[PDB]
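Residue strings, one per chain:
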Amino acid sequence: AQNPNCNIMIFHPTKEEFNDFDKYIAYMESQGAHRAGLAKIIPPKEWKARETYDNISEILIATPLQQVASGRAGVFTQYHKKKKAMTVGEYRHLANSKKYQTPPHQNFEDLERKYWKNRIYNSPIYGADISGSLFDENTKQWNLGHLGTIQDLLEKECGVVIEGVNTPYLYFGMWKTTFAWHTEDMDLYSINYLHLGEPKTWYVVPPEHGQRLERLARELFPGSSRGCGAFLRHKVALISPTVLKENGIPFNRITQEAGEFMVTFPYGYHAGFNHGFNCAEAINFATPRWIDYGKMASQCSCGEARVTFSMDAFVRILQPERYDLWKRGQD
Ligand SMILES: O=C(O)CNC(=O)C(=O)O
Ligand SMILES: [Mg+2]
Ligand code: NI
Ligand SMILES: [Zn+2]
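Residues numbered from 1 in each chain as written, not as in the entry; some residues may be left out. Chains lettered and ligands numbered in written order. Heavy atoms only, no water. Residues with missing side-chain atoms left out of burial classes, pairs and counts.

**Regarding the UniProt feature "binding site: 2-oxoglutarate" in the protein chain**
Following the UniProt record, the feature "binding site: 2-oxoglutarate" maps to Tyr 126, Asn 192, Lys 200 and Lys 235 here. With respect to the helices and strands, the residue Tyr 126 is situated in strand β7 (residues 125-131). Residues contacting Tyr 126, with those up to four places away along its chain left out, are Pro 64, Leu 65, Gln 67, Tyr 91, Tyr 171, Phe 172, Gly 173, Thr 177, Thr 178, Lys 200 and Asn 274. Looking at the secondary structure, you find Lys 235 in the loop between α6 (222-227) and β12 (237-239). (UniProt positions renumbered as here; feature names shortened; annotations may be inferred. Helix = DSSP H or I, 4+ residues; strand = E, 2+ residues; numbered from the N terminus. Contact = heavy atoms within 4.5 Å.)

Here is the structure:
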């Protein structure tokens, strides 16, 4: 078995190997990358996402989200308070202000320490979940707006044609902005490109051990667990590496820098934080190997998770028994 310790693997494809996206994902899996839940892909030196980032300031963040924490430093939830719209230039200036800017630090490990010590005492503002793309239309390789769609994959594997679309999302971050512990909708893959700015630190649980994280989460968030049998789908709970280690949960960590891709694999729980002002683009995708995970994915039916239009068909075709209850949750 390849990668039996489930370490995060880092890949350096050549420009030739960067042509065929599906083929390269399958290669990475042949080497055991999926066992970690997360892999890093450093693009060939010849590649670029677009020519410059000099003209992005007028993108609108219609609903910036202030991420307010509750709990203790290593075990907390966050809720998202909606703020007034602002442009990316306005958000960048806010990220760089004395109130929100990254503190002085020695290195990524020192910054990580400071994040876990102090996150809960601040409420950073995240420009998350903005439909759009920063890839130039002429970028032919690993262009996250030009990937094969999940609907087409389902149709190719299973023969059933379904409605829905699959487009990317932009994330404008600042110091301490946080992504809570989650797997993707329908335990899909994700791919995330850090276009510019400061790093993003990731934590990940191997897919084979995901249920250990779920059992811990039920213990640490006991009211949430009574409310919903899949409350991590709400994407609000944080648990620190120190608490994971104290509870014997297997995990790994890695820091993504500008110019790098990350791939999350089906049922790979992940969480993390931004170091400072940055912009990432991410999208879900599927492969043949996903289908079995999609059929088994948990679902939130309490009403909280509320998701895209395109998840309807995935539930309806892959999980017909669950469909009625899940759809009630959506309505
Ligand atoms: O970058 C973020 O805030 C969150 N991203 C992801 O969870 C992902 O790409 O799968
Ligand atoms: Mg602009
Ligand atoms: Ni994710
Ligand atoms: Zn729920």
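**Observations concerning the site of ligand 1**
Residues in contact with ligand 1, as listed here, are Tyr 126, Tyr 171, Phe 179, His 182, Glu 184, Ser 190, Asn 192, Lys 200, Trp 202, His 270 and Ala 282. Between ligand 1 and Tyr 126 there is a distance of 2.6 Å, counted from an oxygen atom to a side-chain nitrogen or oxygen. Here ligand 1 loses 94% of its free accessible area of 290 Å² to cover by the protein chains. Residues of the shell around ligand 1, tallied by class, amount to five nonpolar, four polar and two charged. (Near = heavy atom within 4 Å. Polar contact = N/O pair within 3.5 Å; in protein donor to acceptor, adjacent residues only side chain to side chain. Areas by Shrake-Rupley, 256 points an atom, 1.4 Å probe, with all protein chains shown as cover. Nonpolar A, V, L, I, M, F, W, Y, C, P; charged D, E, K, R; others polar.)

**Here we look at the packing of helix α4 (residues 150-158) against helix α9 (residues 311-318)**
Direction vectors running N to C along α4 and α9 enclose 20°, while the axes themselves pass 11 Å from each other. What the angle tells us is that α4 and α9 run roughly parallel. Considering only the axes of α4 and α9, their crossing is left-handed. Packed against α4, whose contacting residues are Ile 150, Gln 151 and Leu 154, the element α9 presents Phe 314, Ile 317 and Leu 318 at the interface. Grouping the amino acids of the contact of α4 with α9 by side-chain chemistry returns five nonpolar, one polar and no charged. (Axes fitted to C-alpha atoms, helices over the stretch in contact; angles between N-to-C directions. Parallel < 35°, antiparallel > 145°, perpendicular 65-115°, else oblique. Left-handed = near helix turned anticlockwise from the far one by under 90°.)

**Looking at the coordination of the zinc ion (ligand 4)**
In the first shell of the zinc ion (ligand 4), the protein supplies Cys 228 (SG), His 234 (NE2), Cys 300 (SG) and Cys 302 (SG), at 2.1 to 2.4 Å from the metal. Classification of the site at the zinc ion (ligand 4) rests on its four donor atoms, whose angles at the metal span 100 to 116°, yielding the label tetrahedral. Spacing between the donor residues of the zinc ion (ligand 4) along their common chain follows C-x5-H-x65-C-x1-C. Of this pair, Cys 228 sits in the loop between α6 and β12 while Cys 302 sits in the loop between α8 (290-296) and α9, and the two are 74 residues apart along the sequence. (Donors = N, O, S within 2.8 Å, 3.2 Å for Na, K, Ca; no water. Tetrahedral: all angles 85-135°; square planar, octahedral: opposite > 155°, others 65-115°.)

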